[PDB]
Amino acid sequence: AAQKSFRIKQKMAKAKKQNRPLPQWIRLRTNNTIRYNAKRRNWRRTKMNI
Amino acid sequence: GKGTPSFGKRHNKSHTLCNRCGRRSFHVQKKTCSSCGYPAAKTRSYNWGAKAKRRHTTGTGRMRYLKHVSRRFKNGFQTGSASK
Amino acid sequence: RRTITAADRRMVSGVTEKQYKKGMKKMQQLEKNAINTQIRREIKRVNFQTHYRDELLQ
Amino acid sequence: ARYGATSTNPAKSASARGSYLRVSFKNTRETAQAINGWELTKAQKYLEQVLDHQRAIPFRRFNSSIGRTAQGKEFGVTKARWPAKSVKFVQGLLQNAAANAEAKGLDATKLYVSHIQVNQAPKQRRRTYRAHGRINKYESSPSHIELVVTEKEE
Amino acid sequence: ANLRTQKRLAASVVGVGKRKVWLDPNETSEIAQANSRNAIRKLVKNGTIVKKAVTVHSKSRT
RNA sequence: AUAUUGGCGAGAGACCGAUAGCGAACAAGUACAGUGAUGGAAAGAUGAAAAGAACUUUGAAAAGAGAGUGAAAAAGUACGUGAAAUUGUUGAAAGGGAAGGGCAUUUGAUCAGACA
RNA sequence: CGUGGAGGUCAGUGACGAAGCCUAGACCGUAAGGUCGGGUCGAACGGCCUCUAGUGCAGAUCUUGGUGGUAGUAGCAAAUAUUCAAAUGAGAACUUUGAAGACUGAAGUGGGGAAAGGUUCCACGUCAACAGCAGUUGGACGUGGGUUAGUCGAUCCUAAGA
RNA sequence: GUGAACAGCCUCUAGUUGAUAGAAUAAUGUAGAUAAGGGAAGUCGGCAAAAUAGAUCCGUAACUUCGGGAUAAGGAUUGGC
RNA sequence: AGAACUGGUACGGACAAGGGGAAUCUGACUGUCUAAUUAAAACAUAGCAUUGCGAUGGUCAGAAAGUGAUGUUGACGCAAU
RNA sequence: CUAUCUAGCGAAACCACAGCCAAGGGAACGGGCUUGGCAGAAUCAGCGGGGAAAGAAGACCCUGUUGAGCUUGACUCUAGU
Ligand SMILES: [Zn+2]
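Residues numbered from 1 in each chain as written, not as in the entry; some residues may be left out. Chains lettered and ligands numbered in written order. Part of a larger assembly, values for the part shown. Heavy atoms only, no water. Residues with missing side-chain atoms left out of burial classes, pairs and counts.

- If you check the header, you'll see the entry was determined by cryo-EM and the resolution is listed as 3.1 Å.

- The name given to chain D in the PDB entry is 60S ribosomal protein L17-A, and the organism recorded there is Saccharomyces cerevisiae.
- Here the PDB entry's recorded title is "Cryo-EM structures of Lsg1-TAP pre-60S ribosomal particles".
- Its UniProt record gives chain D a comment under Subcellular location, which states: "Cytoplasm".
- UniProt annotates chain D under Sequence similarities with the comment "Belongs to the universal ribosomal protein uL22 family." (UniProt positions renumbered as here; feature names shortened; annotations may be inferred.)

- By the naming in the PDB entry, chain B is 60S ribosomal protein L37-A, taken from Saccharomyces cerevisiae.
- What UniProt states about chain B under its Subcellular location heading is, verbatim, "Cytoplasm".
- The Sequence similarities field of the UniProt record for chain B holds the comment "Belongs to the eukaryotic ribosomal protein eL37 family."

The structure is reproduced here in structure tokens:
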């Protein structure tokens, strides 16, 4: 909520910095098997239960 | 209604984050994590939760200190500057 | 004064905007290709309610 | 690219193709079979009349429960429809094919569309939500199209 | 173009509603650069944005 | 002397060979569900080498067609081969409220061995 | 008869193309099945004497995966209601501006907040997917910016209680 | 504003003008309505619907735990200037 | 509150807004319950009556305890019906 | 407002194979068999006879050396006292 706690604002910040796609220069490395970011998250679909 | 109407009223938690396992198990009215009873010194581990032990036992983390012990034993728990 | 943009960072680190557009669209394609399978292999065992009451007696 | 069953000389033919399109396969097949063996000019005049709601498209296989009309009488059938989305993709590929035929050096006056076919494509899935807390699929029927024109002879 | 922002800013500037705000259609190309909120005041003053008057409610009959 | 499905290091198998074998050959106790205890997946292979399609042209663009790389795009990142169900085009044939099947032969196609 | 592996053997086949797959093309056998030609494909595989077994499927309201007829069908009908011109655009029933008609009608379709959610706020660019029609738009895609307290709150007190 | 009234109906400030659309107007339906004469003959049964309805005046029974019944029943009036 | 005058006898003109009466069975009443087939004559209720208990106690709990509820209590009370 | 026609979008139950009747016999009520009547592409809206239509329908009887809830002076025990 608005009147929240720092223990939760921390965990929301982490989720904000995690919510991005994959860097395209990872796909150019040699023995690469990562196509996309399979751990993505958005508020519509999956709630992080904290 | 016991279903769709009575699922609107689910807006106040009973579990919060534990400091010991980091997951939403810390009950608030009784103050006892349901995965590793936090105020209690012993972590919950029952032999019937044999899968649950896999998820929380040794190896499942970093092993900051422990993973150098086999290295330090192989050499004799030794000391000092190496060599020339 | 703004001597930096994310496009410029990724240009410095290899990828051009053409490469970025194409590789992005492929990563979008694959997500949908997988979501297809998750919606495909689920419709079977998703309506398997444990306690349906069947509102029909008389 | 490998195309379907084509009995023509490749030198007097020009090809086109459209893959992974989000039209209905069932309507596009009828739209495609309504112009097989035709000349490009008459086909392009016909497909525009359709959008103007004249000279309908006959529905012959995928025709169950649809409505009847009077623009089927020039084909014998009494069931027909005016599928704009399919018509538009088909017009695009006819354009592309005529361009390719021009670039290969063929005369548009006497081209005819020899081999046209549509295929099924991979579905695209969504959920619809029914009564009693159950899900069912709601998915499209996309289509590949491939097309060949070639110039007439004896 | 799209002036859905400029309308909102005009309201908040003028101190009036989003529905009493008139953007000149012949100056979309001028308004669309008014991203700022000073550049809305400049236009209000030029007359390219206008505050419309109250939809009258009259008390003569009562 | 004895025990040892755990831990560390090693050596091997008439074992499994990606619906198998540990649940996991892959960012697997991961994603995800659930208030919680707990539950718990799927997913391997281009090619020797990206040489991952310069350039032209139609299209608003995706793309298409040529061109090109390659031993091979009947390998084009939806990529080893690429079955079947199911489907489209072409060709052959048949068809009065089913179809299929057994015995016998005509007609059409096809094969034969040629005793050369 | 057939299958996966094991021991021997044919100094076995094979990149001049192994296996696999397709073949109303052929031969052998009562049959299980074997053999050949062609097409495709690209790296290992068979015959004989024996050993061994996680060894042969039409079924189990079988398991997993995939797919169909139904079927371009049922249907996308609650919440009084949309219309004109221009602009942008490849493209406008649905975007934007203006003009008109209307509604909520102050126990509101307003303005703010508690829980809860977590950056959904705002801007620029953008429309493959989503918005069960469409889409140039968007709570979506991508990139960034953004929350300023001696006085508001927590913090402090105790309640039922732990 | 009406009105006893935060009712219902209409408007001001603010907000929205969102819910897939066009054409046509068969049957059967959903929701809403009307109906000759008769008036529950229908039906398990007056289910459903209709009638009444506000305010002022008059008048209001049995019975009663004397407090009620009771808006009993039943009659009349209602505008504008 | 009253009187004239007036109108296609209209006028709480839209909205809004009770159908009434005579008798029986039953429960006294207001109230509560079968969330998602039973709202009732069932449950509760005040009222009446009984029973136990004068604290080293009556009723009840706990695995046990230097342990507990009634009890911050004391028969005009607690407990059980 | 739907249905109906059109543009776009676009599922599901169910499905041995499938779908014209009469009589016969038969697991005693045939879509298929037998003997007959007949039989001409492809079809639209409706319909509710049939498909012994479909479904996580209701109860009725029985068996089981299968159970569970509850009661009692069933059998065997037990906390407490
Ligand atoms: Zn914990």
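Describing the interface of chain A and chain C
Alright, step 1. If you look at the interface, chain A gives nine residues, while chain C gives nine residues.
Alright, step 2. Here chain A packs against chain C, burying approximately 800 Å² in sum over the two surfaces, 69% of which is carbon and sulfur.
Alright, step 3. Linking chain A to chain C there are zero salt bridges.
Alright, step 4. At the boundary of chain A with chain C, the tally comes to zero residue pairs in polar contact.
Alright, step 5. Its residues placed into classes, the side of chain A that touches chain C shows five nonpolar, two polar and two charged. (Contact = heavy atoms within 4.5 Å. Buried area = accessible area lost by both parts, 1.4 Å probe. Salt bridge = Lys/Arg side-chain N within 4 Å of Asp/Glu carboxyl O. Polar contact = N/O pair within 3.5 Å; in protein donor to acceptor, adjacent residues only side chain to side chain. Nonpolar A, V, L, I, M, F, W, Y, C, P; charged D, E, K, R; others polar.)

Comments concerning the protein's contact with RNA strand H
Residue and element names in this part refer to chain E.
Alright, step 1. As a structural note, the neighbourhood of RNA strand H is formed by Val16, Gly17, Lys18, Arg19, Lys20, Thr55, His57 and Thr62.
Alright, step 2. Each atom of RNA strand H within 4 Å of the protein was assigned to sugar, phosphate or base; sugar and phosphate come to 74%.
Alright, step 3. Contact between RNA strand H and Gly17: a phosphate oxygen at 3.2 Å from a main-chain N or O atom of the residue.
Alright, step 4. One nitrogen or oxygen atom from the main chain of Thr55 is found 2.9 Å from a sugar or linking oxygen belonging to RNA strand H.
Alright, step 5. Class assignment of the residues belonging to the surface near RNA strand H gives a composition of one nonpolar, four polar and three charged. (Near = heavy atom within 4 Å.)

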